[PDB]
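Encoded as structure tokens, the structure appears first; notes follow it.
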Amino acid sequence: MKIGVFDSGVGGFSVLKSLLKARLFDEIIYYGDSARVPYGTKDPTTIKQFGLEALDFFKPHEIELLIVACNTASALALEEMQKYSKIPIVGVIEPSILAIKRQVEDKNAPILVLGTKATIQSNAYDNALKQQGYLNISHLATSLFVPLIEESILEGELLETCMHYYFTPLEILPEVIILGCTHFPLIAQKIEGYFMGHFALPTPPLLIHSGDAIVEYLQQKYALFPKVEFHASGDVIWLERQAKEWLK
Amino acid sequence: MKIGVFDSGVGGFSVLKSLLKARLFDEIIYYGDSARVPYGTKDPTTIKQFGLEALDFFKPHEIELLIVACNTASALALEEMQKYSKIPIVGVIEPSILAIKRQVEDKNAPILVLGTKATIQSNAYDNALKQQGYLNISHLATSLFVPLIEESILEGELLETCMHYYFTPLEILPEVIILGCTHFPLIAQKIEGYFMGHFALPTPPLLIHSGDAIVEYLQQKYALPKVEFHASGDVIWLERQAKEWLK
Ligand SMILES: O=C(NC[C@@H]1Cc2ccccc2CN1c1nccnc1F)c1cccc2[nH]ncc12
Ligand SMILES: N[C@H](CCC(=O)O)C(=O)O
Ligand SMILES: N[C@H](CCC(=O)O)C(=O)O
Ligand SMILES: [Cl-]
Ligand SMILES: [Cl-]
């Protein structure tokens, strides 16, 4: 079995990491559109065209399944990609919705969706949660988390101040937080710490991680050390250097 | 006269603002590569290709001069674009060197270059400054200023914390600060305020504004309006930004 993983750049490595530790595939063709990243600050028309173009990249690699690791592409382009595509394409949004159903039985539990601007604006997460019965959904574009994490600012007063900037306006105190962006797992502990420390919270909110959720989904569909090809629209060496650090 | 202005996205509006204020040109074709912005976190190979493709865009427009408003493309791609262009291309690095030569007589005056990671990595500013005899040159990639400014984070604790993060390891106390990036003029006052506070200065450092330097350069060099906006992303989003950046 040989699959491809598509992402806007290097944030996809947080999904690639979970896929690797589940050893469900033999061959993984990773493609990151690092020349044009990020997608989250751009518009639906551009993003959809990007997704269609990613389809053309994988054509000569003869994969049987495409994982869209990017939450932004999953939110804006997955539908259009699935139309033009003969192999199945699994994004990271629907699998997270399934994990929420399994881990969050109270449909009134306050859920907070975190993602890029484009992802939040699309309402992909909110619409899918509502169709599954959830009645207490909040969403927040935390755009600056992406560049902060990509600069390796994973702790310190800059990250803390960025979190306070996004989180201080929150009306509802969340029980569940959806990490609806490839980058956010790298600061998951810090997001937890923020809510425990800023509110009288003994335990932290529950965090839904997109890579762990797609793996659960994929395990409920396929059978039980993989080769990995790294491709990039930018400098592939720069992307590979990034991979070594993300996959730690 | 009809010219082109090229930028990676909306940052170039800080150059367009200076051009419009100076009333230099009757017709201006602005092109922002907003589908692929930012350039400054990317690699020299990618950026040079971006520059060459920018030339293909202006071909049907019959411009007489291309202003490369982007400091990153000025630093990595300008030499290659000029190889393949019959019309003169002017970037925003060389004009800033002239601005400094005109305003900074002392060769030992400490100059601090701020720009993207790619702009700083190229050493385009330091090399031109050393060639002109300046002895005290420092540089600093302040990458996160770009997404902060594009989020309209132009004041407050987050910006102040970002400035401190970048400026704290500074050895030198600058008399000159090159705003070597389209976005940085939008926080010029905050940068001045930072350095006056933390080094107890009676007057602010001299900030070199790329847009103002190119205006002065074009006036000296050419003895001297309708804008149309184009984008590789949604042009409506870029024009919405134009209203905000252009005052
Ligand atoms: O190829 C290896 N290293 C070089 C390659 C390119 C490169 C260039 C400049 C700085 C760093 C890197 C890291 N690189 C990659 N790192 C992770 C995944 N893929 C890669 F291509 C490699 C081989 C066997 C075990 C490893 N563990 N870590 C890396 C390796
Ligand atoms: N991969 C994107 C984050 C980076 C980007 O904006 O392209 C996501 O998962 O939303
Ligand atoms: N226009 C770029 C800033 C934004 C980008 O990185 O593309 C510059 O002047 O360096
Ligand atoms: Cl990292
Ligand atoms: Cl702004």
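Computation of the quantities below employed the complete heavy-atom set of this structure, encompassing side-chain atoms and omitting hydrogens, waters and symmetry-equivalent molecules. Protein chains get the first letters and strands the later ones, always in sequence-line order, with residue 1 at the start of each.
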Nearest heavy-atom neighbours spanning [X] and [Y]:
X	Y	result
B:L158	A:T161	CA-CG2, 3.7 Å
A:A35	B:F50	O-CZ, 3.3 Å
B:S34	A:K42	O-CE, 3.4 Å

Just verifying a value: how many Å separate [X] [atom1] and [Y] [atom2], rounded to the nearest 0.5 Å?
X	Y	atom1	atom2	answer
B:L159	A:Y165	CG	OH	11.0 Å
A:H164	B:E157	NE2	CD	6.5 Å
A:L144	B:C162	CG	SG	9.0 Å
B:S232	A:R36	OG	CZ	9.5 Å

Take atom [atom1] of [X] as the centre, draw a 6.0 Å sphere, and report whether it contains more than 12 heavy atoms from other residues, nucleotides or ligands.
X	atom1	value
A:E79	CD	no
B:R240	CZ	yes
B:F199	CZ	yes
B:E239	CD	yes
A:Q121	CD	no
B:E244	CD	no
A:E229	CD	yes

Return yes if some donor-acceptor pair links the side-chain N/O of B:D43 with the main-chain N/O of A:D235 below 3.5 Å, else return no.
-> yes
For B:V37, is it the side chain, the backbone, both or neither that has a heavy atom under 4.5 Å from a heavy atom of chain A?
-> both
Below 4.5 Å from any heavy atom of chain A, which atoms of B:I236 appear? Answer side chain, backbone, both or neither.
-> neither
Answer with yes or no whether the side chains of A:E151 and B:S143 bring together a donor and an acceptor at under 3.5 Å.
-> yes
So do B:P147 and A:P38 actually touch side chain to side chain, heavy atoms under 4.5 Å?
-> no
Among A:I47, A:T45, A:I153, who wins on heavy-atom pairs under 4.5 Å with chain B?
-> A:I153
Part of A:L148 within contact of chain B (heavy atom distance under 4.5 Å) | both
